[PDB]
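Notes follow once the structure below has been shown.
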Ligand SMILES: Nc1ncnc2c1ncn2[C@@H]1O[C@H](COP(=O)(O)OP(=O)(O)OP(=O)(O)O)[C@@H](O)[C@H]1O
Ligand SMILES: NCc1ccc(OC(F)(F)F)c(Cl)c1
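This is the structure in structure tokens:
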């Protein structure tokens, strides 16, 4: 059977906090008043929610309302949002109401004047990538230190008001409490951001999953290639990774955890050498790449989840020396 694994940091944060902290099922929601809010416009729709720009008419402030589709695990997202509230760069849950139409809970958040992703990605300077990556790390070290893994780190879940240089990590719907030895569902994160642990069906994963997703974001930005690992499906996703990191280190990884690859891989994986990060550098991205960016990326994009930098280690990296703190 597979070899067990544990996080190398914040391993026992949940056993030492009171049960009411992590036992989200026993949490009692204290409902706000839907009366307080007036919907202005529909911002988006996902498979789990509809998001609206709204006005809180009791204090005349712009808010964002996320009306959850009935699909249960709502208590988990509420509990995590309340636990993390006030944390650095963590979106603030302002209220919880019952939508009289859907009959489901609606989460009310603070509003972030989010600059369009493809508009921002195209204008980021080297300094701005370092600056915003440091702001994301503050959010991840905080939630990790609080015994929570995000499990959906990706550019669409990072709200940025570029004008005010304000960042918020949002969409805590897939976030979970980390309990050592617990097996988790591998059907988390967006395809391009899924860690090798998920792709090889290794269930005893931890906060380090977030650090692989962060590395995918960093690679896409510094190299100007969105997404960096462009798999057609979950199987080709691992082949795309193996074409860069190599098959020898992939085999060492699955061997360490006594994991067997799905036989489907026999006809598609092949043999690949590890590629030097310098190969992805070209005249259109050279101004975003440095030896420090490459060294930092190399320490995030590792097969072995136990070998990745943690968020706190990542904030110590020379890549961030230039960032004003
Ligand atoms: N606080 C916020 N301020 C501004 N926009 C927000 C805020 N929170 C969420 N959004 C917007 O809501 C949309 C998606 O929200 P969210 O990620 O929380 O839910 P979701 O169910 O995962 O939806 P999706 O599958 O579309 O990503 C995005 O368009 C994002 O810009
Ligand atoms: N979703 C907006 C958005 C815009 C730029 C981004 O990259 C950056 F963090 F480096 F700035 C991200 Cl992660 C997200």
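In the working numbering, the protein residues as written are 3 to 327. Using N, Cα and C, we set each Cβ at its ideal position, and we do this for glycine too.
Mind checking which residues open and close the alpha helix (DSSP H) that includes residue i?
i: residue 256; result: 249 to 258
i: residue 224; result: 210 to 225
i: residue 21; result: 21 to 24
i: residue 78; result: 76 to 86
i: residue 317; result: 313 to 317
i: residue 121; result: 119 to 123
i: residue 294; result: 293 to 302
When the Cα atoms are used, what is the spatial distance from residue i to residue j?
i: residue 328; j: residue 224; result: Residue 328 lies beyond the residue range present for the chain, which begins at 3 and ends at 327; the question has no answer from this structure.
i: residue 327; j: residue 4; result: 43 angstroms
i: residue 301; j: residue 94; result: 31 angstroms
i: residue 80; j: residue 176; result: 11 angstroms
i: residue 73; j: residue 51; result: 9 angstroms
i: residue 85; j: residue 275; result: 44 angstroms
i: residue 53; j: residue 45; result: 5 angstroms
i: residue 217; j: residue 180; result: 21 angstroms
i: residue 199; j: residue 127; result: 32 angstroms
i: residue 29; j: residue 82; result: 11 angstroms
i: residue 108; j: residue 96; result: 11 angstroms
i: residue 42; j: residue 101; result: 15 angstroms
i: residue 269; j: residue 91; result: 44 angstroms
i: residue 139; j: residue 75; result: 26 angstroms
i: residue 160; j: residue 214; result: 16 angstroms
i: residue 317; j: residue 106; result: 39 angstroms
i: residue 55; j: residue 61; result: 15 angstroms
i: residue 65; j: residue 57; result: 6 angstroms
i: residue 17; j: residue 32; result: 26 angstroms
i: residue 156; j: residue 303; result: 15 angstroms
What does DSSP give as the partner residues of residue i in its beta bridges?
i: residue 151; result: 178
i: residue 170; result: 161
i: residue 51; result: 70
i: residue 63; result: 58
i: residue 92; result: 171
Starting from residue i, trace the beta strand (DSSP E) in both directions and tell me its first and last residue.
i: residue 16; result: Taken as a continuous stretch (DSSP letters only), residue 16 belongs to no beta strand (DSSP E), being part of the alpha helix (DSSP H) at 15 to 18.
i: residue 350; result: Nothing can be reported for residue 350, as the shown portion of the chain is limited to 3 through 327.
i: residue 43; result: 39 to 47
i: residue 97; result: 95 to 100
Notebook entry, point to check: If you pair each beta-carbon of the stretch 114 to 122 with each one of the stretch 161 to 176, do three or more pairs fall below 8 angstroms?
Noted result: Three or more Cβ pairs closer than 8 angstroms define a contact, and the stretch 114 to 122 meets that threshold against the stretch 161 to 176.
Next item on the list: Any chance you could list the residues with Cβ under 7 angstroms from a heavy atom of ligand 1, keeping chain order?
Entry: 45, 46, 47, 48, 49, 50, 51, 53, 66, 68, 93, 111, 112, 113, 114, 116, 158, 159, 161, 170, 172, 173 and 175
Check: Are the stretch 291 to 310 and the stretch 260 to 272 touching, with three or more C-beta to C-beta distances below 8 angstroms?
Finding: Not touching, per the Cβ criterion.
Notebook entry, point to check: With a cut-off of 8 angstroms, do at least 3 Cβ pairs link the stretch 226 to 235 to the stretch 192 to 206?
Noted result: Yes, the stretch 226 to 235 is in contact with the stretch 192 to 206.
Next item on the list: Flag this pair as touching only if the stretch 234 to 253 and the stretch 311 to 318 have three or more C-beta atom pairs under 8 angstroms; answer yes or no.
Entry: no
Check: For the stretch 33 to 48 against the stretch 141 to 154, are there 3 or more C-beta pairs whose distance is under 8 angstroms?
Finding: Taking a cut-off of 8 angstroms on C-beta distances, the stretch 33 to 48 does not touch the stretch 141 to 154, as fewer than three cross pairs fall below it.
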